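Taking the form deposited in one PDB entry, here's one chain by itself in structure tokens.
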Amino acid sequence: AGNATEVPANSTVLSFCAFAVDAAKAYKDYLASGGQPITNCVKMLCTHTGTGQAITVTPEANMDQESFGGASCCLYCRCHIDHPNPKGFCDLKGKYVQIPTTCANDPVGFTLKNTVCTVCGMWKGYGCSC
């Protein structure tokens, strides 16, 4: 009974991060040890003529981005572990995340390492104008 959510290629990293005291550090160290990025993310088929904002209600990928389902880009959602922010609630689950096409190979690692500019709503460095 029940429906499988995962593929075997993710078993090792998901199990490693599901037992870690610090799962974000565990994932970054896992990648640094040659480990493959988390796959099976929710990649969107979109027009690529969107606002380009980082976290949106609908897919807003521009020509330089790929749109993804938010929960699928969140290490804490992917591992079924506690979220770090004091309220324990997620900012990506329930939204779409725009990831630069150059970093689309590792959407989970991108959201873990980067921040959204609170002024323009775009990723710092990809491509916040400030």
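Residue indices: 1-based, along the sequence shown.
Another form exists, deposited with a small molecule bound; not displayed. Remarks below refer to it.
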| property | result |
| --- | --- |
| Distance check, residue 24 to the small molecule in the deposited complex, heavy atom within 4.5 Å | yes |
| Contact label in the deposited complex: residue 71 to the small molecule, heavy atom within 4.5 Å | no |
| is_contact(residue 46, the small molecule) in the deposited complex, heavy atom dist at most 4.5 Å | no |
| 4.5 Å heavy atom contact, residue 13 and the small molecule in the deposited complex | no |
| 31, 103, 41, 79 - the one with a heavy atom within 4.5 Å of the small molecule in the deposited complex | 31 |
